[PDB]
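To start, the structure under review is shown below, and the notes come after it.
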Amino acid sequence: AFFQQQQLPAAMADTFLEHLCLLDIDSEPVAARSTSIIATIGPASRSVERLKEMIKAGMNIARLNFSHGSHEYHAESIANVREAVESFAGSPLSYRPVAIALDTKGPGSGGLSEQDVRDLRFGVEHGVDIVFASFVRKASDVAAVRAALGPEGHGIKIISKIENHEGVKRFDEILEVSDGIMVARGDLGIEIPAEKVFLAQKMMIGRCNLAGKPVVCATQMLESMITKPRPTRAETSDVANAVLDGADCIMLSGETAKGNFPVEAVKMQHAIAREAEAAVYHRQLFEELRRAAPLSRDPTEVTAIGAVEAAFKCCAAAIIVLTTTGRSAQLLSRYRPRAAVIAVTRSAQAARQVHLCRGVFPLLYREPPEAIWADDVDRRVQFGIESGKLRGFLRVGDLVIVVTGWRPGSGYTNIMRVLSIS
Amino acid sequence: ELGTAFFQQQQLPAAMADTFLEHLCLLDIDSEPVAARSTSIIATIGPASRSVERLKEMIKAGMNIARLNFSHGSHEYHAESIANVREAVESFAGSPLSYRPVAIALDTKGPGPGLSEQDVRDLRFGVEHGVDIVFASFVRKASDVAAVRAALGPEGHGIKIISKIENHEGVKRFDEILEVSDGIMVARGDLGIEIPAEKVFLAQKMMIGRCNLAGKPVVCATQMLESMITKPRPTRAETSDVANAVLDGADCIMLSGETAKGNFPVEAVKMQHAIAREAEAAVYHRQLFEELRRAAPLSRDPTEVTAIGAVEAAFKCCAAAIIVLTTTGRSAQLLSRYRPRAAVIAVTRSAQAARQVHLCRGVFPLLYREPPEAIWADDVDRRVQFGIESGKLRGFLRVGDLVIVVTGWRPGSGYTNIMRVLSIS
Amino acid sequence: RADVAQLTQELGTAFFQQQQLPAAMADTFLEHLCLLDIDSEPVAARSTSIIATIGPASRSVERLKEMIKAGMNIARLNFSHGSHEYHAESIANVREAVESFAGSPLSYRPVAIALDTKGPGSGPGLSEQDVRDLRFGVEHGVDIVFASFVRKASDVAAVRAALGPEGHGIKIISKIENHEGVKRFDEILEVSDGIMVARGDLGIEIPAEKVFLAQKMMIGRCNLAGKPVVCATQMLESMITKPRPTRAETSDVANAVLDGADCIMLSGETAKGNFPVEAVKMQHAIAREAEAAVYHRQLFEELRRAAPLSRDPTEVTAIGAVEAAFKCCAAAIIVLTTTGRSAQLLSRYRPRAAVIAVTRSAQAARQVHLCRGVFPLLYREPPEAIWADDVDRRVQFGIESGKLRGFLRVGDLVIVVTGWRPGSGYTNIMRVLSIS
Amino acid sequence: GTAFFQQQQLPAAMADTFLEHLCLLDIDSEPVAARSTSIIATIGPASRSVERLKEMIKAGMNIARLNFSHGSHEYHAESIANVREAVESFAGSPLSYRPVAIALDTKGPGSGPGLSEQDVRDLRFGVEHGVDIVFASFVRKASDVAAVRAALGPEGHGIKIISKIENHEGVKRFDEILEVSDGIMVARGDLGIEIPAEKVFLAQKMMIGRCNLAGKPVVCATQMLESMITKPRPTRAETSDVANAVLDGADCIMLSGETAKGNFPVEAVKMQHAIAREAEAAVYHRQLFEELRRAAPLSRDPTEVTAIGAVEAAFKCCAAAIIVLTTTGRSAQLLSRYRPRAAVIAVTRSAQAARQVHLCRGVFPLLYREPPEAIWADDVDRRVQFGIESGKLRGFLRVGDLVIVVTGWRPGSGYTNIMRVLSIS
Ligand SMILES: O=S(=O)(c1ccc(CCN2c3cc(O)c(O)cc3-c3cc(O)c(O)cc3S2(=O)=O)cc1)c1ccc(O)c(O)c1
Ligand SMILES: O=S(=O)(c1ccc(CCN2c3cc(O)c(O)cc3-c3cc(O)c(O)cc3S2(=O)=O)cc1)c1ccc(O)c(O)c1
Ligand SMILES: O=S(=O)(c1ccc(CCN2c3cc(O)c(O)cc3-c3cc(O)c(O)cc3S2(=O)=O)cc1)c1ccc(O)c(O)c1
Ligand SMILES: O=S(=O)(c1ccc(CCN2c3cc(O)c(O)cc3-c3cc(O)c(O)cc3S2(=O)=O)cc1)c1ccc(O)c(O)c1
Ligand SMILES: O=S(=O)(c1ccc(CCN2c3cc(O)c(O)cc3-c3cc(O)c(O)cc3S2(=O)=O)cc1)c1ccc(O)c(O)c1
Ligand SMILES: O=S(=O)(c1ccc(CCN2c3cc(O)c(O)cc3-c3cc(O)c(O)cc3S2(=O)=O)cc1)c1ccc(O)c(O)c1
Ligand SMILES: O=P(O)(O)OC[C@H]1O[C@](O)(COP(=O)(O)O)[C@@H](O)[C@@H]1O
Ligand SMILES: O=P(O)(O)OC[C@H]1O[C@](O)(COP(=O)(O)O)[C@@H](O)[C@@H]1O
Ligand SMILES: O=P(O)(O)OC[C@H]1O[C@](O)(COP(=O)(O)O)[C@@H](O)[C@@H]1O
Ligand SMILES: O=P(O)(O)OC[C@H]1O[C@](O)(COP(=O)(O)O)[C@@H](O)[C@@H]1O
Ligand SMILES: O=C([O-])C(=O)[O-]
Ligand SMILES: O=C([O-])C(=O)[O-]
Ligand SMILES: O=C([O-])C(=O)[O-]
Ligand SMILES: O=C([O-])C(=O)[O-]
Ligand SMILES: [K+]
Ligand SMILES: [K+]
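Residue numbers (the entry's author numbering), protein chains in the order written: chain A, 23 to 132, 232 to 543; chain C, 19 to 129, 132, 231 to 543; chain B, 10 to 132, 231 to 543; chain D, 21 to 132, 231 to 543.
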């Protein structure tokens, strides 16, 4: 029964053609949904009750579009998101952190516009986790956003939005200095011929997967759901194809901001992403990712590829990793394991930010530190196992891979352990 | 010999990649498509696309197959549409090197347990009006195809039957349906209601894969450019959907309401044309050819043996085209199954085979109207020269190019066995 | 070039030109052949073990000491000829030469003792002489038995039963010497600890031109099973009378290593020849060169693809450790083992990194020579009060011995494989450590 | 039938990995194809008897080597005369005549820097006696090959020059030597002294790989069956060495002392024949063909384009043979570089080309002696029938088999452009 679920017959295929032939509509997805859902917050989804339903449906990141709306409006939206998120903080084994992202208005006619400087300052003051920098054309644009965040905004992730021809041409220099990329298809589809956008999407997803950096596919994914309760055949196909391409996050804009079915749009993306993740051809994908990743003498990098390889060998349910900054979880995520990466952290910001990485399920550990560090590490691993059993990831008898370091502080990951559940 | 500029067009840097990941990374928005569009466009004929002037613009935009939906309209309405399509198509027959054959397909209303009474009448209509293809609605098992084949009566055994998979039973019995059908249509509209909407992409990918494996045409249909019914430009998801159906391996892409009732029927056809050209260049031929080769079984049929030899030779020299002489279309279909980058120019005297080969990706049919020569070898050579003259006129060929020429050793269908390398002079 | 640029900056261009590293980066096997360089020097220690047959030419304690220094790992006693008294004297001489180096771990090289049976000859089952010879082996504490003319699985069960209750730890290597053995190979392999491709008898039981097919099929199936495979007979035959081998002989040795043989053997070359030490040195030299010419990119992928899924943590940790060793060009994988099993599971994935096996079992230290790439270290210190400290002392012993023997350098990365509790069968931890 | 797919290692050929391929190798899977690696036998006291030479030709000798390291010009002229007499004794039955090449192995430069005076005399002797191949000893750089070419003068323009790599400089300057040579000989005897004995296998594997990549013949020589000089059976290392040279990709394998001066010259030739047949079936064509196509660059030469198409078509139908018409041997050489499993039967009128194509693996030369037909197309068809008749007589072909035929569109060398699929009647 196990080998007939989650497209396991199609996963055993020796060719991609044989893999397509073996895809089964009756082979049910078992794994948790890995691709994160970014929902834009607007009038259709601003109430605390609305937001609680959206978190339950699968929203991981809340986007604030600073193109329209006042600072007062956006501060109220942030307060509402935080209130809906913290309403679930009473049960720590099931708490789902939700990141807050600020989408800048952009340079328009102008370098960094004065409104952008004010909006970036607002973001730092309100503790946003991510910034979607609009119309990034070169590496110096990213540096300008980083300087506008100042010394207080060091921890904020900068995701560069590629929306025009120059951004696509200077992609490699932009990616080198950004934390991730957003394929902003709306403006891109106007700046370049509409029929070429899929080429830019596929090239950018490929290069981000190669770099190990998050990539977001955005705009008009379920557009018809703004007025209709069901998406078109092209829309469900578009979402599935962005996941198959290798997108870390999928986004909803007007569908959640102004539409009549914001919760239904989130549920629809959740349903499609789960099916698409099972249809991934891991045999070729893992080989190509493994081959392309450079040789490294960084123990975190070395332990990560050992852990992903071991997870494939035993069909591990999860890889539990201890992380301070999210880096150890991100290095596991780049090799695209089929096993869920349960990241246990004390940093609330790192817990929200790891939603950018496909397959990372953040767990915020709130307990106070133990006297003996080894015991504190062991307690955090047990917390990961308990939350895993509670959320359905783990069952007794399952194998898990545990990734830890030899000393406290970030950057010392070097241990991988094979563990039997209970 | 070819120059540095040549190797920067039609995604040639991405084609040289050693991995699919490297291939994705090398895709360039500035690498212009050079090859002609190989995925055929099926347009549904309706109120928005009925006039002879409108049909002439649609043929110029890229329509290869005209669909008549027998769920709507009447026998009289649909007979007038057929007459209008034929009139617009024949308006270009005066320039024989640039004439474009256009197939006519009848989409049945559907089933009741057996073949409905209306379907029997609509199939009789189809045979009487000389349709080339039938899209059989709601095919659930092989016996459904046999019923359609029997209803095509005495005079219509040459009509192609494309089975529409629109429900769970069709998907489950797919292999038996494909065995007895000429091709498949992934009818996403009904399928998306009969099975969960989020599973349709799995059925589409499985079905395209199995059709590519079988060497039979596969059509992706419904809501491809849906928003273009009222808006002059499609959504980002729509252009992506069309590109992905071509990348998946679809032989044909379809327009329904976009051409039947929409405000932009010509623009919808142009949009599908533009996307398909870009998507065809993005195909990773290195892996695709090897996998098609590896999966295909051994053959002792000289037509199949010559076909794989010709495709292999076309890849070796970056041949502009493979010119094939075909009576029934079979030799062109066997070349098409290996997915060459080179255009398959099929020269035929059969007007029905010329229309029907639009079902096969990369087959450009040419209807030869000249009278036969006394010596067969001369007649064969004249038809090959006609393929070269048409290829030069339409832009496929230039002097100095290499083409592969596929012929047989004797007249009549079924004797293809020769492959020749020719330099265009 | 991008997948090695940073490591090229760190380790230098000289590092990437040694041990056929340009040929290892090749995308095709054809490109790999084209890139093989006679100026690319082997760096890693020799991983294919050398089995030398003991005889009049290699019996003296002084001769045996020179052979151990030249690279002999396993000493074979051919029971086809010679009395029990003769073979007991050879065992005594081998043990005396081996123990002459037991002062320190950087000199000590544990050498296994293997008994090659006479065989069934005319008879159907286990001959009376074989029963007597097998009981002699148990009484003298041999580590391996090369069972001659194994024709079916029941033959290996007869050898196991003849070893009795005390010989339960002895490894049984079945010799395939005829057509029936080749046909029933799968059933024989399933019940044996390993296989020997006994080409001498095989070459007259089947057509001489077919022996290479049997050798390649058998090595392939043993590599697939993760069981040791020995290539034997006439490898350096001309060296019995000549100081240098023929061009076909050096090629044969290299090809057996490239095929995937865990051990290569010398028979008449060491037992009766005029150059026993030179024959051992020649096999050593060829095996190092051949090991570097292996195309690990394809071999590792195929070994993974073919290996079934496992829920045994020892197996899961083993593949994780080998994968991590390839990622950082690790000098070694240090593994703690009681029976040798953890070292064997690392060895089946054919790492380029040396597997340094730290063990307290002298028998396991001798027996791991059957596995390609396993370098046994016998730990002689008495146990610590705290097990975690005892484990850490054994790991440090491995590092110190690796540094002192040339296996490791400061700045190198090593992969350390251990278990969560004492006793055999609990391996589950992989650690990435930087040598300081 | 089932029986067919159990012979010539066909189960091991279907394997998806090289490891699975090794596991599937069967000692009971009998070779069916003819032996494709040529056997070079050195002539001497053991093999000068015209009766002994006839037995060696029957055993499988394709090329006869004269070692100019020793022996007078009188001695070597007698050896040539005896080889020609034994070869021409079979000319009376043209469907079974086996051409045998004569190769001159030079003494070398020794202490000197350039072409020695003795080498000039021996090269002039070779041209005067009509040798087909020269094995130039101790080639250290491209200029050494040019010196041998100049010493052959204008009359020796047709002689093939195979450079022997016997030292470190030759291995280091390999690419420049290969560029100007017709082929390479891995001269392991001297090479094993000039470089450490344990490194010779690396030089052999690198050189065979680069020659296979270039499409140029490579010979593996020295001590292959050394023990057979005095013993009737080889050692286990010897049979393994021969098999491994064929598996590596060697076009020719050589016997030196074993045939020139030993006690079992015919048995040594038979032994090489037996091993080469088994080893050729054990080649993993699935990987080899893919790597050879991937490594070969795009070509606009119709001979090269037709060659890869023909090899691909031969694999598709399990063709018994590829019959090719050749004047210089070039068309057969281009087929041979892709390493087909099908025998390349080369039909030629040039006696020199017939002898020289023995350097290419899988090429079986047929010397066509009949006078030309009035119509060229008929003359071409008679030559194709001659290949079929020789093939049937020699065991390569049976009625019902498929054969690929490679020809050109006009007489003269360099016009190969046609590939045809033919059913044997
Ligand atoms: O999921 S993967 O393993 C993954 C691996 C390989 C490929 C093949 C890419 N081709 C293609 C692209 C499509 O979009 C599509 O639907 C169908 C086909 C196709 C169909 C065939 O029937 C066929 O035989 C070959 C192709 S194709 O090679 O042209 C796709 C995906 C992964 C995905 C993304 C990566 O970055 C990666 O490294 C690997
Ligand atoms: O060590 S022997 O068994 C022994 C020693 C040498 C040889 C030489 C001939 N070969 C061969 C031929 C056979 O028909 C056969 O049956 C076995 C073998 C064989 C076996 C081997 O184990 C081996 O090392 C070499 C060969 S071989 O292929 O060369 C045979 C046999 C012994 C040694 C001393 C003797 O008095 C005696 O009669 C036999
Ligand atoms: O092929 S035979 O004619 C045949 C068999 C045995 C011999 C013995 C000669 N040698 C020898 C003698 C020994 O006392 C010994 O301990 C080892 C070796 C030996 C071992 C080797 O591994 C090796 O390769 C060569 C030799 S050796 O040549 O030096 C001669 C000839 C036949 C075949 C089968 C037999 O079983 C048999 O007894 C004789
Ligand atoms: O055939 S010979 O060239 C000639 C014949 C035999 C030997 C010894 C056997 N070996 C060998 C065999 C050959 O067939 C060959 O070509 C080269 C080599 C070779 C060359 C070396 O220079 C070397 O040092 C060692 C070897 S080898 O030991 O591997 C040397 C030489 C000739 C034979 C007889 C003569 O009278 C004569 O002048 C030359
Ligand atoms: O070292 S390997 O990675 C490894 C070893 C060999 C192969 C062979 C692929 N072939 C091939 C392809 C080429 O382009 C070429 O130029 C030569 C040959 C070749 C050479 C030979 O010497 C030969 O014996 C056979 C062939 S082949 O035709 O089969 C692949 C891979 C390993 C060795 C053993 C294994 O079990 C395994 O999985 C992999
Ligand atoms: O000068 S030597 O090193 C010295 C040693 C050997 C040799 C060649 C002797 N052979 C031989 C003799 C021939 O005329 C001939 O046409 C071919 C071959 C030959 C070829 C081969 O291909 C092969 O592999 C072996 C031989 S062979 O050994 O039978 C020359 C010279 C020396 C060695 C030992 C002595 O005791 C001595 O007096 C001289
Ligand atoms: O992924 P990061 O940010 O490098 O953090 C991983 C770190 O987490 C740990 O496992 C636990 O460290 P702390 O106890 O200080 O949180 C370290 O050993 C390791 O270095
Ligand atoms: O593709 P099909 O229908 O089998 O037809 C291919 C046939 O066309 C030809 O090339 C030309 O034949 P005709 O001259 O009769 O049209 C035949 O030699 C070959 O058999
Ligand atoms: O390879 P084996 O025989 O399973 O032994 C590995 C064992 O060695 C250890 O690392 C150390 O155990 P000991 O204290 O018994 O020596 C165990 O944790 C592990 O189970
Ligand atoms: O292999 P080569 O030397 O190029 O010769 C091939 C030539 O042989 C032919 O098939 C027959 O030519 P001839 O009749 O002149 O011998 C030519 O058409 C072709 O050009
Ligand atoms: O800003 C965006 O997200 C866009 O344009 O798609
Ligand atoms: O009938 C159709 O085309 C459908 O259902 O998609
Ligand atoms: O006993 C052996 O090793 C043989 O016969 O090969
Ligand atoms: O000349 C040769 O052939 C040699 O020296 O090996
Ligand atoms: K319909
Ligand atoms: K010579």
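Think of the CB as a built atom: it goes at the ideal place given N, C-alpha and C, for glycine as much as any other residue.
Discussion item. Can you look up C370/C in the DSSP assignment and give me helix, strand or coil?
Written reply: Numbered from its first residue, the second sequence carries residue 370/C at position 252. In the structure shown, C370/C sits in a strand (DSSP, three-state: E or B).
Worksheet item: Do you know how far the Cα of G80/D is from the Cα of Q405/A?
Response: Position 284 of the first sequence, counted from the first residue, corresponds to residue 405/A. Position 60 of the fourth sequence, counted from the first residue, corresponds to residue 80/D. Straight-line Cα distance between these residues: approximately 46 Å.
Worksheet item: Who are the Cβ neighbours of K349/B in its own chain at under 7 Å, not counting the five residues just before and after it?
Response: Along the third sequence, read from residue 1 onward, the residue named residue 349/B stands at position 242. Within the same chain, and ignoring the five residues on either side of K349/B in sequence, no residue has its Cβ closer than 7 Å to its Cβ.
Worksheet entry | 9 Å Cβ cutoff, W494/D in contact with chain C | Here the question's residue 494/D lines up with position 376 in the fourth sequence. No, its Cβ sits nowhere closer than 9 Å to a Cβ of chain C.
Item to complete: Could you pull the start and end residues of the beta strand (DSSP E) that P272/A belongs to?
Response: Translated into positions along the first sequence, residue 272/A becomes position 151. Careful: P272/A lies outside any beta strand (DSSP E) and carries neither H nor E.
Discussion item. Rounded to whole angstroms, what is the Cα-Cα separation between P529/B and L443/B?
Written reply: One-based indexing of the third sequence puts residue 529/B at position 422. One-based indexing of the third sequence puts residue 443/B at position 336. When rounded, the distance between both Cα atoms is 10 Å.
Worksheet item: For ligand 4, which residues count as neighbours when the test is a C-beta closer than 6 Å to any heavy atom?
Response: The answer, residue by residue, is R354/B, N87/D, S89/D, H90/D, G307/D, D308/D, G310/D, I311/D, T340/D, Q341/D, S374/D, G375/D.
Worksheet item: Taking 9 Å as the CB-CB limit, is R500/B close to chain A?
Response: Along the third sequence, one-based indexing puts residue 500/B at 393. Any Cβ of chain A closer than 9 Å to the Cβ of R500/B would place that residue at the interface, and such an atom is absent.
Item to complete: Say whether the stretch 117–125 of chain B touches the stretch 238–250 of chain B, bearing in mind that this needs 3 or more beta-carbon pairs closer than 8 Å, one atom from each stretch.
Response: When Cβ pairs closer than 8 Å are counted between the two stretches, the stretch 117–125 of chain B is seen to touch the stretch 238–250 of chain B, the count reaching three or more.
Item to complete: Give me the Cβ distance between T534/B and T466/B, rounded to the nearest whole Å; I'm assuming they're in contact under 8 Å.
Response: Stepping through the third sequence from its first residue, residue 534/B is reached at position 427. Stepping through the third sequence from its first residue, residue 466/B is reached at position 359. 13 Å between Cβ atoms; not a contact.
Fill in: Short CB-CB distance (under 9 Å) between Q341/A and chain C
Numbered from 1 along the first sequence, position 220 holds the residue referred to as residue 341/A. When Cβ-Cβ separations below 9 Å define contact, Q341/A makes contact with chain C.
Worksheet item: Which whole-angstrom value is the C-beta distance of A394/D and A54/D, which I expect to be below 8 Å?
Response: If you number the fourth sequence from 1, residue 394/D lands on position 276. If you number the fourth sequence from 1, residue 54/D lands on position 34. At roughly 10 Å, the Cβ-Cβ gap does not stay under 8 Å, so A394/D and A54/D are not in contact.
Discussion item. Please determine whether the Cβ atom of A305/B lies at a distance below 8 Å from any heavy atom of ligand 2.
Written reply: Counting from one through the third sequence, the residue named residue 305/B turns up at place 198. It does: the Cβ of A305/B is within 8 Å (strictly closer) of some heavy atom of ligand 2.
Item to complete: Starting from the N-terminal end, write out each residue whose C-beta falls within a distance shorter than 7 Å of any non-hydrogen atom of ligand 8.
Response: Listed by position along the chain, the residues with Cβ atoms less than 7 Å from a non-hydrogen atom of ligand 8 are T421/C, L443/C, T444/C, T445/C, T446/C, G447/C, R448/C, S449/C, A450/C, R467/C, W494/C, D497/C, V498/C, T525/C, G526/C, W527/C, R528/C, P529/C, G530/C, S531/C, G532/C, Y533/C, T534/C.
Discussion item. Suppose only complete runs of 3+ residues qualify. What are the beta strand (DSSP E) ranges in the stretch 431–518 of chain D, listed by chain order?
Written reply: The qualifying runs are 439–443, 461–466, 481–485.
Practice prompt. Give a yes or no on whether the C-beta atoms belonging to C329/A and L296/A are separated by under 9 Å.
Written response: Position 208 of the first sequence, counted from the start, is the residue given in the question as residue 329/A. Position 175 of the first sequence, counted from the start, is the residue given in the question as residue 296/A. Contact: yes.
Worksheet item: How should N381/C be labelled, buried or exposed, when 16 other C-beta atoms within 10 angstroms of its C-beta is the threshold for buried?
Response: As a first step, residue 381/C is located in the second sequence; it is residue number 263 there, counting from the start. With fewer than 16 other Cβ atoms within 10 Å, it is exposed.
Discussion item. Against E408/D, what residues of chain C qualify as contacts under a CB-to-CB distance less than 8 Å, listed in chain order?
Written reply: Along the fourth sequence, one-based indexing puts residue 408/D at 290. What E408/D touches in chain C: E408.
Discussion item. Quick check on the DSSP output: the beta strand (DSSP E) that includes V401/A runs from which residue to which?
Written reply: The residue labelled residue 401/A in the question sits at position 280 within the first sequence. Unbroken run through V401/A: none, as it is neither H nor E.
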